[PDB]
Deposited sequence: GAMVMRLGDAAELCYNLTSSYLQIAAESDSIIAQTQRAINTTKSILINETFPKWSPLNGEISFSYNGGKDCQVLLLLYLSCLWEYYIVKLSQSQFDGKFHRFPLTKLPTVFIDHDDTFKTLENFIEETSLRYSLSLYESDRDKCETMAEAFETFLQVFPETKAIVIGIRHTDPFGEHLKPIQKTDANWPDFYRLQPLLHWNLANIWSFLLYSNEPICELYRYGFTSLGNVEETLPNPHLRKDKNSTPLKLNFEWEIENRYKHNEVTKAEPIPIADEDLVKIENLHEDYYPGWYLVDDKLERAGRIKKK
């Protein structure tokens, strides 16, 4: 449209695309069916266990966001649940959001966080990228600025490093500033993330198109070697042709347009002299972090 969506437009959009996904007739042994189950579990955590305890309206909840596929899927679900909770169940101009910036963050990701903060009406606190501090330390500063904060939404999954023992709702550790971690994406597998994200028709970080499946820092992170194209390997098959073809249609209000990667990231991807399937050709969680510079 001629104007960016208001938060109410964004939340309603997320509710409608999520309801739509949930309406797909899928076989019980399918990725989509599993993803529908994952959504319903997420919803229940937000609507039944989170929102009755902490207000998503008054700053008590902040949303941790760094433009990655997982926090992005979680954001869409969170926005969906806000609309469901207040409009549909009858139980704010911007969403309180926190991003801890670093000096080695991908430029494409920086641009994506900028672009989506506008699209999703995020009220984004951004830590100083040029300060040398731990995440804990950045979050302690954040909490001094917003001492109303009781809880923070995080898009961590069980398959992530240190994810095994995590719970949907739990306090931070002794060495962190004191708040509840709200972790409603824990049960999501990689195939579910891709399925829902491609069906959503939301713009996603362009690094994924170029074979990245995990976004660490600019030095350490490579396109996934399991996605490298070659003439003598069995070619990879796409699990998400339907979701792409049938992705959630937009109108004038909800219309989005595509962005190429940052120029400097394209350069590093050309320098490689290898080509890759996009990230959504990887559905094996064990291999999600395969694309990393060898160390030690």
| item | value |
| --- | --- |
| Deposited-sequence ranges lacking C-alpha coordinates, in sequence order | 92-103 |
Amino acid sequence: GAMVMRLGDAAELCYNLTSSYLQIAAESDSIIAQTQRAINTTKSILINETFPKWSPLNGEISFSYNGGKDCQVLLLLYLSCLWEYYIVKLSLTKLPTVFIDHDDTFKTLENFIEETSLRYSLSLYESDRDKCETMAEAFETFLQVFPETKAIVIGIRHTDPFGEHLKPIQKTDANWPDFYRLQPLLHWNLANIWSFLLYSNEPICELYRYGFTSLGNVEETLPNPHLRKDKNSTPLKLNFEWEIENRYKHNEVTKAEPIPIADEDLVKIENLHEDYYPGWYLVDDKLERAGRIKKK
From here on, numbers count along this sequence of modelled residues.
{"property": "No coordinates for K94 in a third or more of the other PDB entries", "result": "yes"}
{"property": "Stretch with the greater mean C-alpha B-factor as recorded in the entry, comparing 275-283 against 21-29", "result": "21-29"}
{"property": "Of 236-244 and 255-263, the stretch whose C-alpha atoms average the higher B-factor in the entry", "result": "255-263"}
{"property": "Selection from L182, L77, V145, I193 [criterion: highest C-alpha temperature factor in the record]", "result": "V145"}
{"property": "Member of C205, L92, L222, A136 with the greatest C-alpha B factor (per the PDB record)", "result": "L92"}
{"property": "Lowest, middle or highest third - CA B-factor, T35", "result": "lowest"}
{"property": "Lowest, middle or highest third - CA B-factor, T97", "result": "middle"}
{"property": "Third assignment of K69 from its chain's C-alpha B-factors", "result": "lowest"}
{"property": "Position of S62 among the chain's modelled residues by C-alpha B-factor, lowest, middle or highest third", "result": "lowest"}
{"property": "Modelled-residue ranking by C-alpha temperature factor, third containing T108", "result": "lowest"}
